[PDB]
file data-v1.tsv (TSV, N, CA, C and O atoms and all ligand atoms)
chain	number	residue	atom	x	y	z
A	1	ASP	N	0.82	-1.21	0.00
A	1	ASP	CA	0.00	0.00	0.00
A	1	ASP	C	0.86	1.26	0.00
A	1	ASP	O	0.83	2.04	0.95
A	2	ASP	N	1.61	1.46	-1.08
A	2	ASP	CA	2.51	2.61	-1.24
A	2	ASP	C	1.75	3.95	-1.39
A	2	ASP	O	0.81	4.06	-2.17
A	3	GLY	N	2.21	4.96	-0.65
A	3	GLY	CA	1.60	6.29	-0.65
A	3	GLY	C	1.60	7.05	-1.98
A	3	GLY	O	0.56	7.53	-2.43
A	4	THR	N	2.77	7.20	-2.59
A	4	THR	CA	2.85	7.93	-3.86
A	4	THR	C	2.11	7.22	-4.99
A	4	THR	O	1.60	7.86	-5.91
A	5	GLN	N	2.03	5.89	-4.91
A	5	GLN	CA	1.31	5.10	-5.91
A	5	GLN	C	-0.19	5.33	-5.75
A	5	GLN	O	-0.93	5.39	-6.73
A	6	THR	N	-0.62	5.47	-4.50
A	6	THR	CA	-2.02	5.73	-4.18
A	6	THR	C	-2.42	7.14	-4.64
A	6	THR	O	-3.48	7.33	-5.23
A	7	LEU	N	-1.56	8.12	-4.36
A	7	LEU	CA	-1.82	9.50	-4.76
A	7	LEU	C	-1.92	9.60	-6.27
A	7	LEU	O	-2.72	10.35	-6.80
A	8	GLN	N	-1.11	8.81	-6.97
A	8	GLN	CA	-1.15	8.81	-8.43
A	8	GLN	C	-2.44	8.19	-8.97
A	8	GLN	O	-2.94	8.58	-10.02
A	9	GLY	N	-2.97	7.22	-8.23
A	9	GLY	CA	-4.23	6.58	-8.59
A	9	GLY	C	-5.36	7.60	-8.43
A	9	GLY	O	-6.23	7.70	-9.28
A	10	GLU	N	-5.33	8.35	-7.33
A	10	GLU	CA	-6.34	9.39	-7.07
A	10	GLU	C	-6.26	10.48	-8.14
A	10	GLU	O	-7.28	10.99	-8.60
A	11	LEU	N	-5.04	10.80	-8.55
A	11	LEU	CA	-4.82	11.79	-9.60
A	11	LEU	C	-5.39	11.29	-10.93
A	11	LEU	O	-6.05	12.04	-11.65
A	12	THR	N	-5.17	10.01	-11.23
A	12	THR	CA	-5.70	9.43	-12.46
A	12	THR	C	-7.23	9.47	-12.51
A	12	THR	O	-7.82	9.75	-13.56
A	13	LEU	N	-7.87	9.17	-11.39
A	13	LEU	CA	-9.33	9.17	-11.34
A	13	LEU	C	-9.86	10.61	-11.45
A	13	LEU	O	-10.91	10.85	-12.05
A	14	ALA	N	-9.13	11.56	-10.90
A	14	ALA	CA	-9.54	12.96	-11.00
A	14	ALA	C	-9.41	13.41	-12.46
A	14	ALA	O	-10.25	14.15	-12.98
A	15	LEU	N	-8.37	12.94	-13.14
A	15	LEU	CA	-8.17	13.30	-14.54
A	15	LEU	C	-9.30	12.70	-15.37
A	15	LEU	O	-9.83	13.34	-16.27
A	16	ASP	N	-9.67	11.47	-15.03
A	16	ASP	CA	-10.72	10.76	-15.73
A	16	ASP	C	-12.06	11.50	-15.67
A	16	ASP	O	-12.77	11.61	-16.67
A	17	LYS	N	-12.40	12.01	-14.49
A	17	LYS	CA	-13.65	12.74	-14.34
A	17	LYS	C	-13.64	14.02	-15.18
A	17	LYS	O	-14.61	14.36	-15.84
A	18	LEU	N	-12.51	14.71	-15.13
A	18	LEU	CA	-12.34	15.96	-15.88
A	18	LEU	C	-12.40	15.67	-17.39
A	18	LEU	O	-12.96	16.44	-18.17
A	19	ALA	N	-11.75	14.58	-17.81
A	19	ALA	CA	-11.68	14.21	-19.22
A	19	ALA	C	-13.06	13.96	-19.82
A	19	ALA	O	-13.30	14.22	-21.00
A	20	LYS	N	-13.97	13.43	-19.00
A	20	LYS	CA	-15.33	13.14	-19.47
A	20	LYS	C	-16.24	14.37	-19.45
A	20	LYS	O	-17.22	14.42	-20.20
A	21	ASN	N	-15.95	15.33	-18.59
A	21	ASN	CA	-16.79	16.54	-18.48
A	21	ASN	C	-15.94	17.77	-18.26
A	21	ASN	O	-15.99	18.39	-17.20
A	22	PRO	N	-15.16	18.12	-19.27
A	22	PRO	CA	-14.22	19.23	-19.17
A	22	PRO	C	-14.81	20.63	-19.01
A	22	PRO	O	-14.08	21.57	-18.74
A	23	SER	N	-16.12	20.78	-19.14
A	23	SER	CA	-16.71	22.11	-18.92
A	23	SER	C	-17.14	22.32	-17.46
A	23	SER	O	-17.59	23.40	-17.08
A	24	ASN	N	-16.98	21.28	-16.64
A	24	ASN	CA	-17.32	21.39	-15.22
A	24	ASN	C	-16.11	21.99	-14.49
A	24	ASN	O	-15.07	21.33	-14.37
A	25	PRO	N	-16.21	23.23	-14.04
A	25	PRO	CA	-15.08	23.89	-13.37
A	25	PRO	C	-14.71	23.26	-12.03
A	25	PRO	O	-13.58	23.39	-11.56
A	26	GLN	N	-15.65	22.58	-11.39
A	26	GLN	CA	-15.35	21.95	-10.11
A	26	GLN	C	-14.40	20.77	-10.30
A	26	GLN	O	-13.50	20.55	-9.49
A	27	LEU	N	-14.58	20.03	-11.39
A	27	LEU	CA	-13.70	18.88	-11.69
A	27	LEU	C	-12.29	19.36	-12.04
A	27	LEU	O	-11.30	18.68	-11.75
A	28	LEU	N	-12.20	20.53	-12.65
A	28	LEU	CA	-10.90	21.11	-12.96
A	28	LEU	C	-10.20	21.47	-11.64
A	28	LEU	O	-9.03	21.14	-11.43
A	29	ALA	N	-10.93	22.13	-10.75
A	29	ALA	CA	-10.37	22.54	-9.46
A	29	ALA	C	-9.93	21.33	-8.66
A	29	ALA	O	-8.92	21.37	-7.97
A	30	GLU	N	-10.71	20.25	-8.72
A	30	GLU	CA	-10.36	19.04	-7.99
A	30	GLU	C	-9.08	18.41	-8.55
A	30	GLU	O	-8.26	17.89	-7.80
A	31	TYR	N	-8.93	18.43	-9.87
A	31	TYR	CA	-7.73	17.86	-10.48
A	31	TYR	C	-6.51	18.70	-10.10
A	31	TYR	O	-5.46	18.17	-9.72
A	32	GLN	N	-6.67	20.02	-10.16
A	32	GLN	CA	-5.60	20.95	-9.79
A	32	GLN	C	-5.19	20.70	-8.35
A	32	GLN	O	-4.01	20.67	-8.02
A	33	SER	N	-6.18	20.57	-7.48
A	33	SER	CA	-5.90	20.35	-6.06
A	33	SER	C	-5.16	19.03	-5.84
A	33	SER	O	-4.20	18.95	-5.07
A	34	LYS	N	-5.58	17.99	-6.55
A	34	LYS	CA	-4.90	16.70	-6.41
A	34	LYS	C	-3.47	16.78	-6.94
A	34	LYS	O	-2.55	16.20	-6.34
A	35	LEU	N	-3.27	17.48	-8.04
A	35	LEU	CA	-1.93	17.60	-8.61
A	35	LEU	C	-1.03	18.37	-7.63
A	35	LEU	O	0.12	17.99	-7.40
A	36	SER	N	-1.56	19.43	-7.02
A	36	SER	CA	-0.79	20.20	-6.04
A	36	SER	C	-0.44	19.32	-4.84
A	36	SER	O	0.67	19.36	-4.34
A	37	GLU	N	-1.41	18.53	-4.40
A	37	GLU	CA	-1.19	17.60	-3.29
A	37	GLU	C	-0.01	16.67	-3.54
A	37	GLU	O	0.73	16.33	-2.62
A	38	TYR	N	0.18	16.26	-4.79
A	38	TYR	CA	1.30	15.39	-5.13
A	38	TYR	C	2.61	16.15	-4.97
A	38	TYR	O	3.59	15.60	-4.48
A	39	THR	N	2.63	17.41	-5.39
A	39	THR	CA	3.83	18.24	-5.28
A	39	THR	C	4.13	18.59	-3.82
A	39	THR	O	5.29	18.62	-3.41
A	40	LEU	N	3.09	18.83	-3.03
A	40	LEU	CA	3.28	19.12	-1.61
A	40	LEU	C	3.94	17.93	-0.93
A	40	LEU	O	4.75	18.08	-0.01
A	41	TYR	N	3.58	16.73	-1.38
A	41	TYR	CA	4.13	15.49	-0.84
A	41	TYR	C	5.65	15.46	-1.02
A	41	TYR	O	6.38	15.09	-0.09
A	42	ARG	N	6.12	15.87	-2.19
A	42	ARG	CA	7.55	15.90	-2.47
A	42	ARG	C	8.24	17.02	-1.68
A	42	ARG	O	9.36	16.84	-1.20
A	43	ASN	N	7.57	18.15	-1.54
A	43	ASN	CA	8.12	19.26	-0.77
A	43	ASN	C	8.28	18.87	0.70
A	43	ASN	O	9.21	19.30	1.38
A	44	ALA	N	7.36	18.03	1.17
A	44	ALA	CA	7.41	17.55	2.55
A	44	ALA	C	8.64	16.67	2.82
A	44	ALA	O	9.20	16.70	3.91
A	45	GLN	N	9.05	15.90	1.82
A	45	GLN	CA	10.21	15.02	1.96
A	45	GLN	C	11.52	15.81	2.11
A	45	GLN	O	12.39	15.45	2.90
A	46	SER	N	11.65	16.88	1.34
A	46	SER	CA	12.84	17.73	1.41
A	46	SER	C	12.77	18.60	2.66
A	46	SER	O	13.79	19.02	3.20
A	47	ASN	N	11.55	18.85	3.13
A	47	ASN	CA	11.34	19.66	4.33
A	47	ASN	C	11.90	18.94	5.56
A	47	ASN	O	12.43	19.58	6.47
A	48	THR	N	11.80	17.62	5.58
A	48	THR	CA	12.31	16.85	6.72
A	48	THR	C	13.82	17.00	6.82
A	48	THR	O	14.37	17.21	7.90
A	49	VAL	N	14.48	16.94	5.66
A	49	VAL	CA	15.93	17.09	5.61
A	49	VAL	C	16.30	18.50	6.04
A	49	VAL	O	17.26	18.69	6.79
A	50	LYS	N	15.53	19.49	5.59
A	50	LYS	CA	15.80	20.87	5.97
A	50	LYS	C	15.71	21.02	7.49
A	50	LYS	O	16.52	21.71	8.11
A	51	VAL	N	14.72	20.37	8.09
A	51	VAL	CA	14.60	20.43	9.55
A	51	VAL	C	15.85	19.84	10.22
A	51	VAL	O	16.39	20.41	11.16
A	52	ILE	N	16.29	18.69	9.73
A	52	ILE	CA	17.47	18.03	10.29
A	52	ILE	C	18.71	18.93	10.20
A	52	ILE	O	19.50	19.01	11.15
A	53	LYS	N	18.87	19.64	9.09
A	53	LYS	CA	19.99	20.56	8.93
A	53	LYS	C	19.89	21.66	9.97
A	53	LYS	O	20.90	22.07	10.55
A	54	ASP	N	18.67	22.12	10.23
A	54	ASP	CA	18.44	23.15	11.23
A	54	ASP	C	18.77	22.60	12.63
A	54	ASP	O	19.37	23.29	13.45
A	55	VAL	N	18.38	21.35	12.89
A	55	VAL	CA	18.67	20.73	14.18
A	55	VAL	C	20.20	20.69	14.40
A	55	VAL	O	20.70	20.96	15.49
A	56	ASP	N	20.92	20.30	13.35
A	56	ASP	CA	22.37	20.22	13.42
A	56	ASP	C	22.97	21.60	13.68
A	56	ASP	O	23.86	21.76	14.50
A	57	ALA	N	22.44	22.61	12.99
A	57	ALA	CA	22.93	23.98	13.18
A	57	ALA	C	22.76	24.40	14.64
A	57	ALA	O	23.66	25.01	15.21
A	58	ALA	N	21.63	24.05	15.23
A	58	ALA	CA	21.36	24.39	16.63
A	58	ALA	C	22.32	23.64	17.56
A	58	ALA	O	22.78	24.18	18.56
A	59	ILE	N	22.62	22.39	17.21
A	59	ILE	CA	23.54	21.57	18.00
A	59	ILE	C	24.93	22.20	18.03
A	59	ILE	O	25.61	22.20	19.06
A	60	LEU	N	25.36	22.74	16.89
A	60	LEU	CA	26.67	23.37	16.79
A	60	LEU	C	26.75	24.65	17.62
A	60	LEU	O	27.73	24.88	18.32
A	61	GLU	N	25.71	25.48	17.54
A	61	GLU	CA	25.69	26.71	18.31
A	61	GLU	C	25.58	26.40	19.80
A	61	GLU	O	25.55	27.31	20.63
A	62	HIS	N	25.55	25.11	20.12
A	62	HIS	CA	25.46	24.63	21.50
A	62	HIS	C	24.46	25.41	22.34
A	62	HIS	O	24.90	26.21	23.20
A	101	NA	NA	-5.58	12.60	-0.13
call {"tool": "encode", "arguments": {"input": "data-v1.tsv", "output": "structure tokens"}}
result
Amino acid sequence: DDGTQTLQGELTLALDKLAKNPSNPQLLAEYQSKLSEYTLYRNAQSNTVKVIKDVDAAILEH
């Protein structure tokens, strides 16, 4: 049950709904939101490393 694989499945289904009814602005917004959610997921991974670097910086300043 991989997370990024699941998010991609949700993205595919959102694209599918939009593809069938492209004049529905709500389906467009939902696809956009899902796509952003995927990018936020990647930003969160680099954010953890950034936190660790900050922790190390604090450790050095004793
Ligand atoms: Na979600």
call {"tool": "closest_residue", "arguments": {"input": "data-v1.tsv", "among": "A:56, A:46, A:1, A:6", "to": "ligand NA 101 (chain A)", "atoms": "all atoms listed in the file"}}
result
A:6
call {"tool": "residues_near_ligand", "arguments": {"input": "data-v1.tsv", "ligand": "ligand NA 101 (chain A)", "cutoff": "12 Å", "atoms": "only C-alpha atoms and all ligand atoms", "output": "VMD selection string"}}
result
chain A and resid 3 to 11 14 30 to 31 33 to 38 40 to 41
call {"tool": "atom_distance", "arguments": {"input": "data-v1.tsv", "atom1": "atom CA of residue 27 of chain A", "atom2": "atom N of residue 12 of chain A"}}
result
12.3 Å
call {"tool": "axis_aligned_box", "arguments": {"input": "data-v1.tsv", "around": "segment 43-60 of chain A", "padding_each_side": "4 Å", "output": "JSON"}}
result
{"center_x": 17.5, "center_y": 20.0, "center_z": 8.8, "size_x": 28.4, "size_y": 18.0, "size_z": 28.6}
call {"tool": "atom_distance", "arguments": {"input": "data-v1.tsv", "atom1": "atom CA of residue 2 of chain A", "atom2": "atom C of residue 49 of chain A"}}
result
22.3 Å
call {"tool": "atom_distance", "arguments": {"input": "data-v1.tsv", "atom1": "atom CA of residue 29 of chain A", "atom2": "atom CA of residue 44 of chain A"}}
result
22.0 Å
call {"tool": "closest_residue", "arguments": {"input": "data-v1.tsv", "among": "A:18, A:62, A:51, A:45", "to": "residue 32 of chain A", "atoms": "only C-alpha atoms"}}
result
A:18
